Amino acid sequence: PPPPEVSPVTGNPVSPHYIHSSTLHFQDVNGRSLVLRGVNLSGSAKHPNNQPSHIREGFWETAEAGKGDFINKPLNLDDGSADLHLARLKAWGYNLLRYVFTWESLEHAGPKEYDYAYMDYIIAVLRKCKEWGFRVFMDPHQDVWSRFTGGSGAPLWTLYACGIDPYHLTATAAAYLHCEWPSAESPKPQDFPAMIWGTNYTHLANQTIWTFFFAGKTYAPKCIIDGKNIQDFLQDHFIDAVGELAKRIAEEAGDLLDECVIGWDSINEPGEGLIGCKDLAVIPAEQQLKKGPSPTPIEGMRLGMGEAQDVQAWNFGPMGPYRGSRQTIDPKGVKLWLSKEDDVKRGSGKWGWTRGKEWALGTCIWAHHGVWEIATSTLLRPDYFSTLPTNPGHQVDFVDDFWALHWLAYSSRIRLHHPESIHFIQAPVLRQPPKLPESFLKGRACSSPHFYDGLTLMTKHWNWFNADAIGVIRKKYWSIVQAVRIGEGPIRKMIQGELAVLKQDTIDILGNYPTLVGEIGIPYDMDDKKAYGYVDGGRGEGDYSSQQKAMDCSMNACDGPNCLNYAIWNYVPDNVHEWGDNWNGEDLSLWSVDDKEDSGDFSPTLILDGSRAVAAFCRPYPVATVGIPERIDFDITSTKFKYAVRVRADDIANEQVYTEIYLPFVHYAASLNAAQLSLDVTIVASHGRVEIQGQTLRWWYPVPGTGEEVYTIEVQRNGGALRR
């Protein structure tokens, strides 16, 4: 069966730019299989202007004042720079953008005080993306709940709504903030340990807030606010805020829908809080992220009541976390919990909600629900969060029982304002998605997991070894040593196998839908920033060999038999060598000003200058295919490219319906000296005819008279690889 002429969601006829998301591959209206590849734009939208993660001055004051100046991130629309960035991304062959926005940027002023101006800024950015021919899906983005709890996402007033005093987070170790590390009194942000920001998910603030968000009605029934459980208060305000952006786009720029904005991602990498914790007295060996001081859930609660604790600290070794020394954390009586007087002054009383009388303030909310006894520090219900407190034999599943329920509410709101929206389903990190009902999917969905080469990300080193982290997580190996691989070949094949597992989750669970890797990337600040000239007397500056191999391994993993859609994390216009992406020590931008100095009518400087390891992320691939993509192989050193496609007898092929392949000047240009750029390639196709224009290869062929047959096309630069 070919793609239908009417939407499976509404039954209305579809525009000619409609992308079907009803089978294992995206399809255009003429039946061509589409591959969408691009970048996340942008991590820089995680924080307001002039307040990067490492700067404490102004951090609290602007948010307490209800401000949130995010205008002109990710792209500045006043200085002309916005078109140059989009031109670069398009010239690299990208046709997809995962657009990053935060709840904070929409509702920083207070509950239901929406920043309509930032909404209109986003619309203006989306309009330019459309002019440049991008497809876009929207990412409501967060990391460890909010900037105020170590990352990005929610507005500061959500902390007060949860009864948390933001100024006591550091003293109690309830969250590690980059700008208050190692202490608020004497910050040394440059010493912030690599990737420690992620452990905030397993410290007390995130552990509480996420339990509220997804399951407050089950585990914190006394937490009433505006006559609602905190769970509904938080979820309703988040869904309303995203819903107001969607409504704004639908009412003020409806032309963006479906032609440019094709769908919406669900809440980014949601935290699980304490839900499913089997034993509050221990950190499970299965928890894969441990680094720095790591209080157990009960140790963190005692800390949140101001009691000093001696906590295990963890180092990240070649085979994962291993124990270091124990470290004493002494809050010296400081408590995480808002006092009542502070709630009147800075919380409920200021932001304008009414807190219920059984919501005890200034003391641990989990003790208040009987989890532990403060006087004796006795854990009373170690398994409290593993079952339902009032029907305690039943064991809970975070993804099926709480995440999925939030997703029904979220997805319904999206469709209210965007009737043809593709649901990009992002299950919680490292979990399989739940089975979701067709009454909500309605044949218009796409699985959007994230995948990172975790060893490379955490160690900021391209290692000569690696390990199959997904297979370990999923108990496919009897010992972790049999998950280990050595050498480029075995490592690449193993990572490609990991991406195949995620592809398989989709068809096993959700159905015959596409898969898109919503985030994938590598760190560029490897080797103590040797590529930036920061060590060894400057030796190694500009040499991105290691970043290139790491990048190429992750990108190759989306090729092979996987042939995946994906969005690279990320593209950051204001990335710098000193502070990276300006967020928690991460440096994953493809491009940096510090690295400066269909047409070939632009300069090689656009696609090369400022780029890092461009040879690995700018790659040939089929944008649109008559038939089904079967296999992609690309080798940087030889430039050899081979594409195999399964073509059936009922596929549609003619002079206007053909396969289109992107061939980058980066790999295939005759010359890249800073006079029009032009491809100099040899092409071998098993069937049909081809012609090249600019960076585009067009491939016409007849379908088989019967059955199905694999056609192939091979490309390489005449005379081998360039030197860039």
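The first residue of the sequence shown is number 1, and the count goes up from there.
According to the entry, the deposited sequence places 4 to 9 unmodelled residues between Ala674 and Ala675. Gap check for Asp78 to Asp79: zero deposited residues are absent from the model. Stretches compared: 455-463, 80-88. Higher mean C-alpha B-factor in the entry: 80-88.
As recorded in the PDB entry, 305-313 is the stretch of 139-147 and 305-313 with the greater mean C-alpha temperature factor.
Remark: of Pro321, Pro270, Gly110, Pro490, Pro321 shows the highest value [criterion: C-alpha B-factor in the PDB entry].
Comparing the listed residues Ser266, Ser448, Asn512, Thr172, the entry records the largest Cα B-factor for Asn512. Ranked by C-alpha B-factor against the other modelled residues of its chain, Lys475 falls in the highest third. Per-chain ranking of the deposited C-alpha B factor places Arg32 in the highest third. Residue-level temperature factors show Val39 in the lowest third of its chain, judged at the C-alpha atom.
In this PDB entry, the Cα temperature factor of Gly518 sits in the bottom third of its chain's modelled residues, the lowest group. Ranked against the other modelled residues of its chain, the C-alpha B-factor of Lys278 as given in the entry falls in the highest third.
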